[PDB]
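Read the single chain below, which is given as structure tokens and is the form deposited in one PDB entry.
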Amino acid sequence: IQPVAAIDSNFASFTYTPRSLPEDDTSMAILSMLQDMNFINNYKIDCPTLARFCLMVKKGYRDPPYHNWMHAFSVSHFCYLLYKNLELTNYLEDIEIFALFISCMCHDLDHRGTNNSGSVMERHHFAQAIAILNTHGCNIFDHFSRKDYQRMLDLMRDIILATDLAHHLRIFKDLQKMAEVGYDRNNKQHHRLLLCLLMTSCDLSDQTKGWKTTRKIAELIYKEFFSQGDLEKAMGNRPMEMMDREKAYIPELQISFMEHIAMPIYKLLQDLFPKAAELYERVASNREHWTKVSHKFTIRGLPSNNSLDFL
């Protein structure tokens, strides 16, 4: 197990882009992150069991454009960053933080590049995580107490279910209440709410990097959406505007996504942790950048085709 400093000198920084790491080194980096957060020694995890677990999780992702292993790795890496930079041990229990990180690895297992059209996919993701744990040689919790095994499973379920946007919108009022009155380490409701907020923060973490990352991730997202839309047209159904490559206008859809979903998540994170202010400011800056390049979705000159036949 590599020390985390040897992977990259900037590995624990919010400026690091985990998609820069070759896919063949990501399994080792997972182990290095668990080592550096001290969960392997804390919970006495068998290293071979953990290695096999991590490879099975990786293997359980398919290869659609966005919802693949590198997404899961990136999300997991952001959880690590929150641990390292926001001092999560002052707010949550070690078992809750451990659950969040394992959930990050597992939260989109067996995604097909298609959406829920509750929480159909998120329940499947959890069921896949459970099936991996009950595979021979992969149960990283098989030495946990009956109390702790149960808690771990309940946490993973709650945290993975919190990645459904529908869940986040139900609890949004509660998150705002918590942010304004202030976090209370003795309130078990606040722990639940904070774990949901942190999970969604990890899931959308590509929005906190530079322009190069948001642009590429947007491309991959729309590639998935339009594939789904193509399939829905082939079956005789009528896809949503954002799934239809002939009707979707990307700048409007991105700016909506960023104003209405991403920015309020990181605004809430900022209100609870002042050291997350740079995260919110990067998301806001990335949204400004989407507005600046909007004009480029009007074809100037002739299309690359070099033809006007498309009229």
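Rigid core (definition): largest C-alpha set, two forms, superposition within 1.5 Å. For every residue, the number given is its place in the sequence shown, counted from 1.
There is also a form deposited in another entry; it is not shown, and the following applies to it.
**Q** Just one of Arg192, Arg123, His167, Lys84 has a CA that shifts 2 Å or more between the shown form and the other one on a core fit; which is it?
**A** Single residue meeting the criterion: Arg123.
**Q** Would you say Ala248 moves between the shown form and the other one, meaning its CA shifts by 2 Å or more once the core is fitted?
**A** The answer is yes, as the C-alpha of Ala248 shifts between the shown form and the other one by 2 Å or more after core alignment.
**Q** Using the rigid core as the reference frame, would you say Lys209 shifts its C-alpha by 2 Å or more between the shown form and the other one?
**A** No; that C-alpha moves by less than 2 Å between the shown form and the other one.
**Q** Classify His71 as shifted (yes) or not shifted (no) between the shown form and the other one, where shifted means its C-alpha moves by 2 Å or more with the rigid core superposed.
**A** No, its C-alpha moves less than 2 Å.
**Q** Relative to what's shown here, the Cα pair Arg245 and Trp69 differs by 3 Å or more in the other entry. Does it come closer or drift farther?
**A** Between the C-alphas of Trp69 and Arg245, the gap widens in the other entry (3 Å or more compared with this form).
**Q** If the CA atoms of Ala248 and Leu169 move by 3 Å or more in the other entry, do they move toward each other or away, so closer or farther than here?
**A** Farther apart, by at least 3 Å.
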